[PDB]
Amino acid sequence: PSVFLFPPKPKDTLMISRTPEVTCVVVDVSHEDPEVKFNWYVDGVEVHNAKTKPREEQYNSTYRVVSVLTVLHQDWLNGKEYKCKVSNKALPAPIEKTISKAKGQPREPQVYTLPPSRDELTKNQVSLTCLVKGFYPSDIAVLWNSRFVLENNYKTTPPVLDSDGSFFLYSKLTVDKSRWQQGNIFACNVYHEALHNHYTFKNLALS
């Protein structure tokens, strides 16, 4: 029996409209001893608000059991530590796992929007690029919009560790060339704890 503790999603901690969760996942739970007890500690203080889910048999004939603890935005951002203790008969001893926000001096993202290469104007669709760099920790979210609507035809790279210990990523929004060439405005929207209000944006448009 093995345990994996997962942090909340960046969007959940940064946007205060959403509900961040820490997730304790137990795998390799036997059919003989399927009962799992979860204990949760926030900075060593036990809490009782966690919601344990019904165990679910995997194709490898083992059970996966999940406990979900709702967290407070500010607790996560202020570096509180979440401990999941898993007890099971097949275990010599309970398994204890601890997770928190990465430690280290937060660093503000720099956001640079980059127009398509001229060489891409050959094509029917062009690539609008958003470079986000210089941020720590790696938790970040990126969204695109135009004047009136969300723009959903985008993909964002995972954060990559840069030379200086900060992180960067790129987001690529694909749009019809005509929309670009007609001077329509797009914006790359970034959420990170080290921004004012956890939010900034940069526009991108033809000259």
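For every residue, the number given is its place in the sequence shown, counted from 1.
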{"item": "Average Cα temperature factor in the PDB entry - higher stretch of 125 to 133, 96 to 104", "value": "96 to 104"}
{"item": "Higher-B stretch (mean Cα B-factor, as the entry records it), 109 to 117 or 80 to 88", "value": "80 to 88"}
{"item": "Per the PDB entry, maximal CA B factor within 163, 153, 138, 145", "value": "163"}
{"item": "Where the record places residue 16 (Cα B-factor, split into thirds across the chain)", "value": "highest"}
{"item": "Residue 55, C-alpha B-factor rank within chain (lowest, middle or highest third)", "value": "highest"}
{"item": "Chain-relative CA temperature factor third for residue 172", "value": "lowest"}
{"item": "Residue 157 - Cα temperature factor, lowest/middle/highest third of chain", "value": "lowest"}
